[PDB]
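Numbering (the deposited numbering), first residue to last: 55 to 568. We treat Cβ as the ideally placed atom computed from N, Cα and C, and that holds for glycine. What follows is one structure encoded as structure tokens, with my remarks underneath.
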Amino acid sequence: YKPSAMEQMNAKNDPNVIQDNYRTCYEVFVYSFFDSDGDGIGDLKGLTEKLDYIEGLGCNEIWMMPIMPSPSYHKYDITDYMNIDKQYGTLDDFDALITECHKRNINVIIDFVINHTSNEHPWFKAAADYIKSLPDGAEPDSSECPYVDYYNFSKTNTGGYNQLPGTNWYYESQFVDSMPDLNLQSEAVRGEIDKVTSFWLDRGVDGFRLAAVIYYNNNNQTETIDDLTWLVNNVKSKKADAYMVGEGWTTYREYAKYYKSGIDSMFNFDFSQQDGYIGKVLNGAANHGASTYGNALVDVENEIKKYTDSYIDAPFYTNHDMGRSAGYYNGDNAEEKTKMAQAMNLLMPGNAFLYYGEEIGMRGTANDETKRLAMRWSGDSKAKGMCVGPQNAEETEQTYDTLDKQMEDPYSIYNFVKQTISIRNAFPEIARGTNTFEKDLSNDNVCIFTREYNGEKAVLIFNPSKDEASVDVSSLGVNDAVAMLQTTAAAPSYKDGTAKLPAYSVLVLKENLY
Ligand SMILES: OC[C@H]1O[C@H](O[C@H]2[C@H](O)[C@@H](O)[C@@H](O[C@H]3[C@H](O)[C@@H](O)[C@H](O)O[C@@H]3CO)O[C@@H]2CO)[C@H](O)[C@@H](O)[C@@H]1O
Ligand SMILES: [Ca+2]
């Protein structure tokens, strides 16, 4: 193994990992990750066995997709909020995972799905049976069945209601009939969620990913923010440094608003997907090339600032609900783009997220199942712990090698992402600093930022273009080049205030201030 120039350069910078809520988070689908008992389904024991891998990648947080009992493979429709799904193992396996995570200073985030339950959840079964029991006269009585007010039942088909089979009643189920929506205005419901947050916090959970936060109270954004506020306070009441990140799948003008709840993070969705800011810039669909990435960072930061001066952005770029990054880039320098997309994701301010498999450029988009294929550990047929993945996934042609092979390749996507995360772990200002887009020095080819945290300043220079570019950054002050990312043998250079970046590369400087 012969290390690239970037590897040698970046290694000379000491890790500076701060134990707070600005981390690098690996999002795992337990189902498709690593199988410990040989049934082809991934499990908690399997995840535990692969913590050396995740830690070696440089991630110091894990978010698992839902781990509680569910009739589906994906497990977003929950039947029991205080156990583990039998396919994943037991509560004892969860306890061991937490212990092993904390020993490695890795924090654990669980997917917290309270906008709906499964229609097989006992609360709904009981409400449904009760509703069906009522004579024509009717009008439910929550003293006879309190669960009737845990969900929204009506004789009227408003928006997102489905029929309760064999009756004249309907119930709210925005996503699908098998996912009835919880009434989060119910004090009884809030009482139940209280017990649930106590349960998971008491087993050493560090935070929550809040699913579907903008659908907490259907179309009523006021009640939704009230609901989120209640939840954020319920959690922080019990553990002050508990971390919470909300999924608000919408534009930034909308998801900025949810920061009024006091939540730490909202996922930064306008930077996600093929047609998000990162994707558009790399595929040449942006009005101002590289500088569009600058403008977008500033516009979103400025929007959030309307609501809070005290937050952690959640850049993620891709997740289990979207086509994998590698599928966004085809033809000439697709690999270069695939790498740089993750530089543009992971070197953003706040708490950065990496979806499992993105570090080896896994492909898959045709349907949701196909976005959640088995982690490609190895090419070997019968390697221990390989997962079969979801049963209804479409055919998908991969374009990059398996992980074992990528580790051995100094110019693999894996080694690039690994290098990216090392830069982030070396310079706390990248995640925590105030962000300044140096617009006067940026153009369609290069994008320049200064990051300032507690009197330390760094300069980030991205070249997400197919063209070599030079920039005079001497106006920013006296700088030293400390880190870089290269997508080919061509490496960034820096001399006497002039930076030269080849196509698809990054250069990091420290400013010296006297
Ligand atoms: O029935 C209509 C839709 O059904 C399918 O969508 C599934 C998703 O595959 C599944 O992951 C889950 O979506 C959750 C999503 O992953 C999560 O990030 C978000 O916070 O909550 C979602 C709901 O819990 O559930 C839906 C609904 O069953 C199908 O793939 C989709 O194309 C259909 O439109
Ligand atoms: Ca298994």
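7 angstroms CB neighbourhood of residue i in its chain, flanking five on each side removed
{"i": "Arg-158", "result": "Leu-105 and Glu-109"}
{"i": "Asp-526", "result": "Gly-551 and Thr-552"}
{"i": "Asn-271", "result": "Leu-238, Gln-239, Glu-277, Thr-278 and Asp-281"}
{"i": "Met-136", "result": "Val-250 and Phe-253"}
{"i": "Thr-102", "result": "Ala-150, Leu-151 and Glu-154"}
{"i": "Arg-486", "result": "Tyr-76 and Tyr-507"}
{"i": "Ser-528", "result": "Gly-551"}
{"i": "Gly-404", "result": "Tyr-76, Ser-319, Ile-366, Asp-367, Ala-368, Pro-369 and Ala-485"}
{"i": "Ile-185", "result": "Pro-194, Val-202, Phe-207, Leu-218, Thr-221 and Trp-223"}
{"i": "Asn-169", "result": "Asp-235, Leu-236, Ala-265, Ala-266, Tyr-269 and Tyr-270"}
{"i": "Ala-182", "result": "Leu-218"}
{"i": "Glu-412", "result": "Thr-372, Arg-378, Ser-379 and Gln-396"}
{"i": "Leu-561", "result": "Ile-515, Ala-535, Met-538, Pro-546, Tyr-548, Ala-553 and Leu-555"}
Residue i Cβ short of 7 angstroms to ligand 1 heavy atom set
{"i": "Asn-421", "result": "yes"}
{"i": "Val-167", "result": "yes"}
{"i": "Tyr-130", "result": "yes"}
{"i": "residue 13", "result": "In the structure as shown, the chain begins at 55 and stops at 568. Residue 13 is therefore absent and cannot be evaluated."}
{"i": "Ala-296", "result": "no"}
{"i": "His-374", "result": "yes"}
{"i": "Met-233", "result": "yes"}
{"i": "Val-230", "result": "yes"}
{"i": "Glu-81", "result": "no"}
{"i": "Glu-301", "result": "yes"}
{"i": "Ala-265", "result": "yes"}
Closer than 7 angstroms: residue i CB and nearest ligand 2 heavy atom
{"i": "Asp-195", "result": "no"}
{"i": "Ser-124", "result": "no"}
Beta-ladder partner(s) of residue i, from DSSP
{"i": "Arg-505", "result": "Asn-489 and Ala-512"}
{"i": "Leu-264", "result": "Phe-166 and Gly-300"}
{"i": "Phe-323", "result": "None; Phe-323 has no bridge partner."}
{"i": "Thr-78", "result": "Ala-406"}
{"i": "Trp-117", "result": "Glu-81 and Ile-163"}
{"i": "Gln-540", "result": "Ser-559"}
{"i": "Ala-553", "result": "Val-525 and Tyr-548"}
{"i": "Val-230", "result": "Answer by DSSP bridge pairing: none, since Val-230 is not bridged."}
{"i": "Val-532", "result": "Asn-566"}
{"i": "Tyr-205", "result": "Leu-236"}
{"i": "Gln-217", "result": "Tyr-224"}
{"i": "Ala-340", "result": "Per DSSP, none; premise fails for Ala-340."}
Contacting residues, own chain, Cβ-Cβ under 6 angstroms from residue i (five flanking each side not counted)
{"i": "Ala-406", "result": "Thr-78, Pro-369 and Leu-400"}
{"i": "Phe-481", "result": "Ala-512"}
{"i": "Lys-293", "result": "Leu-255"}
{"i": "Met-233", "result": "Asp-131, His-170 and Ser-227"}
{"i": "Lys-334", "result": "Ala-340"}
{"i": "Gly-381", "result": "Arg-417 and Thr-419"}
Sequence-distant residues of its chain with Cβ nearer than 8 angstroms to residue i (five each side left out)
{"i": "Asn-384", "result": "none"}
{"i": "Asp-68", "result": "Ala-480"}
{"i": "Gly-245", "result": "none"}
{"i": "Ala-350", "result": "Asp-324, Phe-325 and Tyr-331"}
{"i": "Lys-360", "result": "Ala-310"}
{"i": "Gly-302", "result": "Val-267, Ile-268, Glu-308, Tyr-309, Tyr-312, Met-320, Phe-321 and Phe-323"}
Quiz item: How do the segment 531-539 and the segment 468-478 stand: do at least 3 beta-carbon pairs fall below 8 angstroms, yes or no?
Solution: yes
Quiz prompt | Touching by the beta-carbon criterion (3+ pairs, under 8 angstroms), the segment 132-142 and the segment 83-103 | solution = yes
Quiz prompt | Three or more C-beta pairs below 8 angstroms linking the segment 354-362 and the segment 507-515 | solution = no
Quiz item: Do the segment 339-349 and the segment 488-502 make contact, defined as three or more Cβ pairs closer than 8 angstroms?
Solution: yes
Quiz item: For ligand 2, which residues have a Cβ under 5 angstroms from at least one heavy atom, in chain order?
Solution: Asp-89, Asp-91, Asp-93, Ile-95 and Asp-97
Quiz prompt | Validate contact between the segment 123-137 and the segment 174-183 using beta carbons, cut 8 angstroms, 3 pairs | solution = yes
Exercise. Report yes or no: do three or more beta-carbon pairs, one from the segment 420-430 and one from the segment 370-386, lie closer than 8 angstroms?
Key: yes
Quiz item: Does the segment 56-71 come close enough to the segment 466-473 that 3 or more CB-CB pairs lie under 8 angstroms?
Solution: yes
Quiz prompt | Cβ contact check for the segment 161-170 and the segment 111-131: 3 or more pairs under 8 angstroms | solution = yes
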